[PDB]
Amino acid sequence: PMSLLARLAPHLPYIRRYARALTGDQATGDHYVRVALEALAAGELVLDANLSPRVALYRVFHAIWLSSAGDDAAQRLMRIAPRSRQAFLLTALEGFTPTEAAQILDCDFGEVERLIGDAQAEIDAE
């Protein structure tokens, strides 16, 4: 009744705005939108018939951009250790010494041990 193009075109400026907001720059945003349109045109994905074309388009976008298990762990940690996880990551994952992490974080040695302590506590406590 209405071509894919006609159904989606009026929403493109808006999902470009969303994509930009989400990824932090317009180039990167457009790449993600592009990928979403290509998957539609290619028929790899189709607009959910239960949803307006606008809602369905954003559902498609999110079907491409898929969250992974590392992303969920990282996001868990962001919640568990919001102010101290950096010091724990610099040492436990990146292999820096505490003395080096103090240079990275621009704080004294005590502040670094404090942070590592907090993060370990919060992690242990699940």
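The first residue of the shown sequence is 1; numbering continues from there.
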Original post:
If you average the CA temperature factors over each stretch, which comes out higher, 45 to 53 or 63 to 71?
Top reply: 63 to 71
Original post:
According to the deposited model, is the average Cα temperature factor higher in 73 to 81 or in 97 to 105?
Top reply: 73 to 81
**OP:** Tell me, lowest, middle or highest third: where does the Cα B factor of residue 35 rank within its chain?
**Re:** middle
Subject >> Third of the chain's Cα B-factor distribution that residue 92 belongs to, per the entry >> reply: middle
**OP:** Comparing against every modelled residue in the chain, figure out the third that the C-alpha B-factor of residue 111 lands in (lowest, middle or highest).
**Re:** lowest
